[PDB]
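What follows is one chain in structure tokens, specifically the form deposited in one PDB entry.
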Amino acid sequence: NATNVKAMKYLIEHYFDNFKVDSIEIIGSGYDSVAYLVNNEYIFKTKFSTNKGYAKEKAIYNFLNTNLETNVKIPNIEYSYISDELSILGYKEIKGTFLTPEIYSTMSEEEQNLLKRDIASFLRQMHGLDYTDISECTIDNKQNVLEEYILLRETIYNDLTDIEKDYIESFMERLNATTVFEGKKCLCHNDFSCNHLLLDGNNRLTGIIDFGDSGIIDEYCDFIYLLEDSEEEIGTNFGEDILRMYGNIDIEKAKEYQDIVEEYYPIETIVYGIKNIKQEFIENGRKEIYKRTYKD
């Protein structure tokens, strides 16, 4: 605990010549990464070598801070160090409160509507950017899945159970029949969940973070979490209304897209385990297949 922060304090002061760390605490973490609040003022996202890295994320912030017109704040990178083994991005903390189901349920109907409009407006503005200058950041989700399926076939597929194989083949049958990858491509946040959305003191959208998965990809991508029915997200109705306010988009296919990504999740989890040599993820994905198969 107190040892991570010393190591990171050292790396920050070593790589950014004039920077002095008066305070530093862990503010969040993924499975590959750790984030730190420094001097009660700066966020520092960090990562050590992992199927990389923070170069794309930086190029995305730089593209967006040049091209977006919006009052919604996003990270603006002041400090970056990027190497094969280590990557650090520092920027000023955007202040606010993260959106949650609980907060949402306390908002008046009109407060909720204004938030949904704020979100639809943000997404419309980003999805509308001429992305020529960030064109290297393309992502083909369908092709990625095919390549991941090939990796499964080359590694553990033959040891899976019949129930597990059927789940996967049935997913691939669905992938092959769907049309939801054939639509408009644009620059998407691509991890647009309510834990990345910041509210100000009037419960209006004041900022957005973590454009780490951003790319030129299906327009439907940015509604996947807004449409999710779970304890972490607000609800299907929230995403529906946002889709209506956003306009010019096939809502039923947005939902199909979301449903297909949800079906893929256990396989994604297995694949992450294969690629990063973590048996624990392989087993969680496989077990999740049994859970889904037996649910009614």
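Only the largest set of C-alpha atoms that superpose within 1.5 Å between the two forms is called the rigid core. Start at 1 with the first residue shown and count on from there.
Asks: Does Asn248 go missing in at least one third of the other entries compared here?
Replies: Residue status for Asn248: no gap in any other entry.
Asks: Relative to the other PDB entries of this protein in the set, is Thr50 coordinate-less in at least a third?
Replies: Other entries vs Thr50: at least a third skip it.
Asks: Quick check on the record: how many residues from the deposited sequence are absent from the model between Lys52 and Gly53 (none, 1 to 3, 4 to 9, 10 or more)?
Replies: Gap size class: 1 to 3 residues without coordinates, per the record.
Asks: Give the stretch, out of 221 to 229 and 135 to 143, with the larger mean C-alpha temperature factor in the deposited entry.
Replies: The deposited B-factors put 135 to 143 ahead on the C-alpha mean.
Asks: Would 154 to 162 or 202 to 210 have the larger average of its C-alpha temperature factors, as given in the entry?
Replies: Going by the record's values, the stretch with the higher mean is 154 to 162.
Asks: With respect to the C-alpha temperature factors reported in the PDB entry, which of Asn113, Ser121, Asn190, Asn71 ranks highest?
Replies: Within the set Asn113, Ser121, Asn190, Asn71, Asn71 shows the top C-alpha B-factor.
Asks: Taking the values exactly as deposited, rank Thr269 by C-alpha B-factor within its chain and report the matching third: lowest, middle or highest.
Replies: Within its chain, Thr269 is a middle-third residue by C-alpha B-factor, going by the deposited values.
Asks: Rank-wise, by C-alpha B-factor, drop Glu240 into the lowest, middle or highest third of its chain.
Replies: It belongs to the middle third of the chain when residues are ordered by C-alpha B-factor.
Asks: By the recorded C-alpha temperature factor, relative to the other modelled residues in its chain, which third is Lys185 in?
Replies: Answer is middle: the recorded C-alpha B-factor places it there.
Asks: Could you tell me which third, lowest, middle or highest, the C-alpha B-factor of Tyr31 occupies within its chain?
Replies: Its C-alpha B-factor, which the entry lists for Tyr31, ranks in the highest third among residues of this chain.
Asks: For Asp250, return the chain-relative third of its C-alpha B-factor as stated in the PDB record: lowest, middle or highest.
Replies: Its C-alpha B-factor belongs to the middle third of this chain's values.
Below, we refer to the form deposited in another entry, which is not included among the displayed structures.
Asks: Please name the single residue among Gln125, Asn195, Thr155, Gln112 whose Cα shifts by at least 2 Å between the shown form and the other one after core superposition.
Replies: Just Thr155.
Asks: Align both forms on the core first, then report whether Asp32 has a C-alpha shift of 2 Å or more between the shown form and the other one.
Replies: Indeed, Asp32 is displaced by 2 Å or more.
Asks: Once the core is superposed between the shown form and the other one, does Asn276 show a C-alpha displacement of at least 2 Å?
Replies: Passes the 2 Å threshold, so yes.
Asks: Quick one: once the rigid core is lined up, does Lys45 have its C-alpha move by 2 Å or more between the shown form and the other one?
Replies: No, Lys45 moves less than 2 Å.
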